[PDB]
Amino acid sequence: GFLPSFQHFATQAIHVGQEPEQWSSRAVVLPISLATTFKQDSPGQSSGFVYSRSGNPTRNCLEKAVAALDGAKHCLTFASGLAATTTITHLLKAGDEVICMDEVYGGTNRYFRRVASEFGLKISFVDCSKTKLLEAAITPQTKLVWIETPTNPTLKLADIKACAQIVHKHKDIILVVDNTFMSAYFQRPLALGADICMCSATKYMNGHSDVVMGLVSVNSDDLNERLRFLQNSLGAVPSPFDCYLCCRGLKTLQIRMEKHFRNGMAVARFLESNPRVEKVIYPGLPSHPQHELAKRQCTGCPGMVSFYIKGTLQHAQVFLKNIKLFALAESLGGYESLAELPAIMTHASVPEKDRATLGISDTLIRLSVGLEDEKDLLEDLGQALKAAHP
């Protein structure tokens, strides 16, 4: 019952920006161009490449592919998801206000709360799953609304089209959607009214746990010009080698995301029927409080499954010590299954009282379900839960 799949996604992921005719060799795969500089025909010629930080063949090719997958006219790549977040925030100026989704990646929270707030920006954290709370938080000084959906790590949704309608009633507010948890294959925020589609390509977009990278996609020529200026001027740019590996990852994005959905749904159903589990959170389950919204704004669901184990922190620790296929590690969106305890790991920097309000408790486990055989994943979770609750 999800939105129908993007129909040319796999074709675009393989071909857009990848014409062999652009290379002297007619290579069918884009070259890795490491050169920092490029010979000019005359001083300050306005065409061709000039300096790697400003633009380079491998990065420019990746940006064309990602733009197509995000349904965007323009894409910019960065050294990390947090570097993308920093660059977007530099669109503003002293005196501006940001509204941020109350539950975000701990590093996003840390950046807004401890860094951006020291340079004349006012930050408010608001539960944007309730559109009336977003409506009430907007002031004439609001210039940016930052929403993750689903949220890291409790997988709360925001209605992107409903939030876009609220913010676009006001003059000059940018809506950013952090699309990291869904990927371009399952959610397209620019088609739902977002002004900026941002993600940590570190996760599903690259998909191989071997690249740290941020991606920012826009339709606005004004936002493109302002962001291009900052990509060049702050210089938080990715290695061309990383651009190559991320481009290589995109070639399998459609088939990886379909497998993450099959495995994720099987894990979520398994946990929901296991008596050692207090509560499962997966947007693809009917039990998710926003399951109907997920079907209205997504084409499917990835491999992110969160659950509350029965008991206390001690039981969560025993579960995470006994997993043998899932690895206790940070990150998500790789081919390999990962598990973490957000309260002690990714969200340790979020104040304890804020974690309590958000439901980031000492029994919340976040799973990133990989591409392994379903039966092997369910046997691993089963035996680890039995070790925690004999």
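In case it trips you up, residue 1 is the first one in the sequence shown, and so on.
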Greater mean Cα temperature factor according to the PDB record, 330-338 or 347-355: 347-355
Comparing mean C-alpha B factor in the record for 163-171 and 177-185, the higher one is 163-171
When the entry's CA B-factors for 259, 113, 90, 251 are compared, the highest one belongs to 113
Can you tell me which of 268, 211, 192, 247 has the highest Cα temperature factor in the record? 192
With respect to C-alpha B-factor, does residue 369 fall in the lowest, middle or highest third of the chain as deposited? lowest
Third of the chain, ranked by Cα B-factor, where residue 98 sits: middle
Report the third (lowest, middle or highest) to which the CA temperature factor of residue 37 belongs, ranking only the modelled residues of the same chain. lowest
Within this chain's modelled residues, let me know which third the CA B factor of residue 273 belongs to: lowest, middle or highest. highest
Ranked C-alpha temperature factor of residue 241 among modelled chain residues, by third: middle
